[PDB]
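Student: an experimental structure, sequence included, is below.
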Amino acid sequence: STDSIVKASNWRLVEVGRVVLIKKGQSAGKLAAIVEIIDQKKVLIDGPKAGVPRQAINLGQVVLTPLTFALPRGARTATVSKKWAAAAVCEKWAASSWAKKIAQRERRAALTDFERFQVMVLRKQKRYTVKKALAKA
Amino acid sequence: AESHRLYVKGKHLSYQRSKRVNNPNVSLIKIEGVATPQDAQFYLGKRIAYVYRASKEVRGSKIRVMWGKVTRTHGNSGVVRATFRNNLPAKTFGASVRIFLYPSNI
Amino acid sequence: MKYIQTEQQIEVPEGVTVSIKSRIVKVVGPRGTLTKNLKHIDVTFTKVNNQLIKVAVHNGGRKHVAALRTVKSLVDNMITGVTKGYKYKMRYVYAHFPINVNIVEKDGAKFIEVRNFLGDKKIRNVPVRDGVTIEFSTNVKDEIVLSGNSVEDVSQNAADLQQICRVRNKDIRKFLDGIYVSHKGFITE
Amino acid sequence: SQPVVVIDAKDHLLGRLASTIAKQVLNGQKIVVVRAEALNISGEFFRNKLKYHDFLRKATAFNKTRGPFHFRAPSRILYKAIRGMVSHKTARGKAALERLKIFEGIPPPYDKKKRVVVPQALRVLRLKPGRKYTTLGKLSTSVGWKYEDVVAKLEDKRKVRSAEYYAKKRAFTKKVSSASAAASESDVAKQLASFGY
Amino acid sequence: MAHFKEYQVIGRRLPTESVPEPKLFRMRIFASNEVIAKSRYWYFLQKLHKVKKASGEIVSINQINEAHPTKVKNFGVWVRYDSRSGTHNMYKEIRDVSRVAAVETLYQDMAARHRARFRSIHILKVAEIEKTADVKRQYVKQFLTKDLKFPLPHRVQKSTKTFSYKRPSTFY
RNA sequence: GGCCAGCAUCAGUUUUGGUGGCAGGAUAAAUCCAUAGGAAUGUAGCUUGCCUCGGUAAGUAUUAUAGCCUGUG
RNA sequence: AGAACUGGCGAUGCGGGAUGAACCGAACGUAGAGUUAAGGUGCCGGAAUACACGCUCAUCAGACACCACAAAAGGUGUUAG
RNA sequence: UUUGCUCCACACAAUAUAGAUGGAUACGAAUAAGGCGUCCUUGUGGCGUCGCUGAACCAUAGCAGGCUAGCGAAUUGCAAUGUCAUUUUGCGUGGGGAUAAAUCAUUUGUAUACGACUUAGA
């Protein structure tokens, strides 16, 4: 029929194979992969290359990531460790700007006092050129 | 430069107290940027100073200082206790103290 | 308890356009334009096609799933009054005293008045709601046909004449005088 | 760590904002609450209207000017909530309320400053969706506040000025971001971006 | 009480000279430790046989872990419980991955919906359901269909600092 | 030769971290590996009108161009 | 109003139950440090706007045993058997 | 009767802190949704991108904070405010500036216990 316009929501939806970011607990900050949905609050995860075990964690402690890779429901650790590489998950994750800023706010917290001093003497130069790039009214 | 600070400006919350009773020997100091008991273990032993201004001049100074140290952590939110030499005068509830870094272990 | 997924489907007719952003449904079509606001409902619409809209909800209870099929019916009444329209035939019933209904345009708008209702001397004003044209059936002497492109502004106006032409302090089963609605049809049918 | 803290009290729950202010203003923090006519409060409308008309009954019998004063402005309903949570009959509590100013609307001293928002007292994080809430402006103007139409008029006379400000500053960062990209291919940007910068 | 651990307990009436070989009795008991488990043995045994703690002994108490604690299982729970007026029998279903996690989910599900404490619940039989037609409770059947994808609409960000400098966005 | 501080080295009581060695259990259970059967919320292939090499529609087909369970070692 | 058994108040402060002769904790030389009891941890108010699974929307919701009350009878309110 | 008073300029003394030591850094609306970019017939429009904390952003290289037009920086002995910012109020110094009322006593009665009120008088 004719044209129809709808703009409501495009969500990150929990399904089998979705990559999550474990934010709380033992495996903090590492990646995972949902393999089977238990209920609307609890799921089953596994990420081998990130090194986490195959837990049954509830969704209050993971964050859903915008990327997904296909695996059948209820796969084992020997299966998810294959599709993690056959769908190339970790190098897709570094390309996102999310994992850039996670590495960035980690690097900023790991500087000692010398490269807390090296930043300011080089930000004097980066401030110097933007008054010569925007050198106008 | 106008960079001079070597302390962290905490506030003076209250005395160590129960409901209905208070003990003026121990004061509760809320350090800025401290949110857990672990990482409030960094500031243990580091000494505070409550700097205030008086009107009558002693030793050629109009500002008098009350010293004291940080003793142990308080519950679950990075509040610490403190034992000043002369206890803080209870008009200073919500008054900036300055936690130094003098006995340092970094 | 909380149903994991509940969907309904709104079949969109031909020539009819629907515009939805942030739960505001603007419907335009071959006759008329309706804009109903639905911010009070947690409901997700989705354009699965150009001929039919899927409307869904997630993790809703019995309260909330019940308030999903009332959304599909409210959009369906929007597009039905936009393709065809709505008309309400109303009818005068009176024992002896004749009811004399007119249409007057006062300072504001087309007030409807009734006079000599049960011999009364007070006029009974009732305004039209806009978008509703008022029509008299010329062939039948005791009939009135409301009509409009929304079922709400017609039926509220049709119930307005039922509320205003009531009896007082008498047996309603004996004094069965009033102006009642008999037919709720569409315009092109 | 700001000396004056301006709180944008739009869509904040009344009692949860008033409890993270009473604890903050007792620690020595000059807190200025702003546009309190858009505060929220849980429960539906007439339930909260009935919890106010129970409060309007409570007055002194022998001389009604003695008893509880039923302040009607939305700044003073939130000020009634805060003052319950401070020990205001002492010198600590009286000094802790001399560090608090509340307005409805944003006055000209505070329209050019930043407004912060308390996340643990917002409606859209605490209230489960589908619950009925109540805007404090509509409640307070139904128990006798007269200047709701004034505050809605003066707020629209300043939203069109703040929109005028934002469009100037948006075009500012447009010509800065389009200029700084030439200053990105350097060696110092290659030297600084490995430092987390 | 606490985080549950499934025990087995073998017990035995103390022998005498006339019968120096009495029969052993086995129970699979969900309790919180070795001491509560030995008390729940002499609770259910004493309601079934003429033996107390004073008259009998306990042969062996072991812990029973699961062979597959990394596989979801539609559990089916038979349970009796005392209400405020009368005693009932029930049948619920749990989905959780571990047998002792289903009993933890069961005691929460009964203390909420019926206000039945630990002291007024006797479990009867906990058995994994082998194929998907024996599941007969609607609230488990929805998680047993093909292509189970659902979204999480209203995400909240738990704060650490008390003020924020932008209106938060709940999108996921 | 005094008071008052600060730091060392100890002592008494205590609080809070880092980390190493063992021991037990179904000599953890698992995972992982090896193998044999099995089924479905059915993979491939195959068979049907649509038709984008079966896609989406379902009939066979139990690992094939995914896998899963269970037993045993 | 009257007895049996103990415990307490009287004769007794202290922490808790907002408050209270009797309830819960615990009985007291003067101080310092440490740890708890009963009760508590949004704010007044020292201490988690902790965590986990549910239930509940009340036009007089409900919230600390003693204790400051509520019943038969109901309700396709909702949830579970 | 240039002593009064007002204001603006350092030389002051002085009193008082509910408690300054890098920066209070500005759209609005919505959250079952938006920000920003980008073209396009200019929309409740295509397309890209971003969020998942402000742990950001801006500032910050020197005697408590320099310079000759590259040098001054020590012994303040191993920590002890190691200062210094304001709000006021008087007094000098000179630069301007303006040149009144109220109350009591007498009176009035629209007022009145007394006060108060309302009136009139060079």
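Tutor: Nice, I can see it. Residues are numbered from 1 along each chain as shown, chains lettered A, B, ... in the order given.

Student: any figure for the gap between residue C:84 and residue A:48?
Tutor: 61 Å (C-beta to C-beta, to the nearest Å). For the C-beta atoms, the positions are set from N, CA and C on the backbone; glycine is no exception.

Student: now the most centrally placed residue in chain E: closest residue in space, sequence neighbours ignored.
Tutor: By C-alpha atoms, centre = their mean, the mean C-alpha position of chain E lies nearest to residue E:103, the distance being 1.6 Å. Residue nearest to residue E:103 in three dimensions, not counting chain neighbours: residue E:30, with 4.6 Å by C-beta to C-beta, 6 or more residues apart in numbering or on different chains.

Student: sec struct for that neighbour, please.
Tutor: Under DSSP: H, G, I helix; E, B strand; the rest coil, the three-state class of residue E:30 is strand.

Student: residue E:101 is in contact with that one, correct?
Tutor: No. Counting by C-beta atoms under 8 Å, residue E:30 stays clear of residue E:101, with 10.6 Å between them.

Student: what helices or strands is the helix or strand hosting residue E:40 leaning on?
Tutor: Here residue E:40 sits within helix E:34-44, counting by DSSP states H and E. Contact partners of helix E:34-44 among helices and strands, from 3 or more C-beta pairs under 8 Å, 6 or more residues apart in numbering or on different chains; DSSP states H and E: strand E:5-13, strand E:25-31, strand E:56-63.

Student: closest one to RNA strand F among these?
Tutor: strand E:56-63 (3.4 Å; C-beta to the nearest atom of the strand).

Student: what about the residue of chain B found nearest chain E, neighbour count?
Tutor: Across chain B, the shortest distance to chain E (C-beta to the nearest C-beta) belongs to residue B:35, at 6.3 Å. Around residue B:35 there are 13 other residues, counting by other C-beta atoms under 10 Å in any protein chain shown.

Student: separation between the nearest residue to it once chain neighbours are set aside and residue E:163?
Tutor: Spatial nearest neighbour of residue B:35, chain neighbours left out: residue B:78 (5.1 Å); criterion: C-beta to C-beta, 6+ apart. To residue E:163, residue B:78 is 17 Å away according to C-beta to C-beta.

Student: between these two, which one's more packed in?
Tutor: residue B:78 (22 against 15).

Student: how about the contacts made by that one?
Tutor: B:30-31, B:34-37, B:39-40 (C-beta atoms under 8 Å, 6 or more residues apart in numbering or on different chains).

Student: okay, now the residue of chain C found nearest chain D: neighbour count?
Tutor: Distance from chain D to each residue of chain C (C-beta to the nearest C-beta) is smallest for residue C:42, at 5.2 Å. Residue C:42: 18 surrounding residues under other C-beta under 10 Å.

Student: quick one, phi/psi of the closest residue to it other than its chain neighbours?
Tutor: Taking C-beta to C-beta, 6+ apart as the measure, residue C:42 lies nearest to residue D:129, with 5.2 Å between them; neighbours along the chain are not counted. Phi and psi for residue D:129, reported as degrees, to the nearest 10, are phi -70, psi 150.

Student: with residue B:66 instead?
Tutor: Dihedral angles (degrees, to the nearest 10) for residue B:66: phi -110, psi 120.

Student: what does residue A:60 give?
Tutor: The phi/psi pair for residue A:60 (degrees, to the nearest 10) is phi -70, psi -10.

Student: separation between it and residue C:17?
Tutor: Taken as C-beta to C-beta, the span from residue A:60 to residue C:17 is 42 Å.
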